[PDB]
């Protein structure tokens, strides 16, 4: 949505490490610049891959 990542205003490394350690942890592909459906596409591909592996299994 309208929210976006804000770069730290600090000038020392400690502020940067505190900021990254305090990251929201709700990473979405939109962080990378990719569309948010990229995760859905990747999960679909992984599910198809698991289906193929299970089919090869028997």
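In the deposited numbering, the protein residues as written are 4290 to 4347.
Even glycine gets a Cβ: it sits at the ideal position worked out from N, Cα and C.
Asked, Found
"N- and C-terminal bounds of the alpha helix (DSSP H) containing residue 4326", "4326-4346"
"C-alpha distance - residue 4333 paired with residue 4316, whole-angstrom precision", "18 Å"
"Residue from 4292, 4318 and 4343 whose Cα sits closest to the Cα of residue 4331", "4318"
"Through-space distance from residue 4306 to residue 4298, alpha-carbon basis", "12 Å"
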